[PDB]
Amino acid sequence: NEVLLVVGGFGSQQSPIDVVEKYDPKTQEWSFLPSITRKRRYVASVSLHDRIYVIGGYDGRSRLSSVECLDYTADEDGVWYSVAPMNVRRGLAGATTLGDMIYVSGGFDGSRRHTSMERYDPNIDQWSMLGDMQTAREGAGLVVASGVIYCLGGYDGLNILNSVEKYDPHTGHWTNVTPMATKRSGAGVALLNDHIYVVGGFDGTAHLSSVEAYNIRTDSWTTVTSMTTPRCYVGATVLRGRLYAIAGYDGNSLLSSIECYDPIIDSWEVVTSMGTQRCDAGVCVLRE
């Protein structure tokens, strides 16, 4: 029983917000959870051992290294609490989980984009650094597939990137894989059926509706059916076999909708319009 979590981001009020929402795809019901303690946009989120983590971001003054955590208990009325902060302030980082641990890569501290990635273990409540990527990247999503971590595209502060990097646990080093066809920053990323889908983003002149999928077994990219609207700073997650693109910015308006890519139909369906309007929010999946 998997539901979708959407946290923080940039709201219609034209500032960072603290709204936490849950979307249940079966019933299509939305509900609010407890708001996070600091308003944060350009923010990342992951779920791990039935706890929600809100990571870094930008409160309208500073890029943040702080981290908030919510125990997703069954008795409701919970409280966010602060946990160990990252080693480095990161707005527009990519985050994922592998095993008992959060991994967070790239981002922006207000001065530089990061090559560094770091990981968190909730049993010791501490962050530690890992290998540096070859290119510093913000707006680059992070996906783990078959024990290998991928950091896709982004923005190095000069160019939007089509390059993709993979992290080899045998070596602790990053190397390049085949790049995407389009350069994208702020695209949504997610793993579905051994493919890494990249949805939307911005290519340096246009907000993108396009989608490509990386076949990990053949190190090759193909074009996937386009989304119903362009979406930049869009989160993407997978849930019972389908891919969801969550809100975002279409180049003109903040979106309140979620469209779902069903590979059975190989096309996108808008499935809800009733979320908060926002972009660069954190998204993750919870079981209940």
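For every residue, the number given is its place in the sequence shown, counted from 1. So that the term is clear: the rigid core is the largest set of C-alpha atoms that superpose within 1.5 Å between two forms.
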Could you say which moves further from this form in 4 other deposited structures of this protein, stretch 251-259 or stretch 24-32, by root mean square CA distance after aligning on the core?
24-32
When the core is superposed, where do the C-alphas shift more in 4 other deposited structures of this protein: in 170-178 or in 124-132?
170-178
For residue 118, does the count of other compared entries lacking it reach at least a third?
no
Other compared entries: residue 74 unbuilt in at least a third?
yes
Take the C-alpha B-factors listed in the entry for 213-221 and for 83-91, compute each mean, and give the stretch with the larger one.
213-221
Higher mean Cα B-factor in the deposited model: 109-117 or 182-190?
109-117
Highest Cα B-factor in the deposition, which of 104, 144, 151, 199?
144
Checking the record values for 226, 27, 31, 253, which has the greatest CA B factor?
27
Give the position of residue 284 by CA B-factor within its chain, expressed as the lowest, middle or highest third.
middle
Would you mind checking where the Cα B-factor of residue 14 ranks among the modelled residues of its chain, as the lowest, middle or highest third?
middle
For residue 21, the third of its chain by CA B-factor is the lowest
What third of the chain does residue 272 rank in for C-alpha temperature factor, lowest, middle or highest?
middle
By the entry's values, the third containing the CA B factor of residue 56 is the lowest
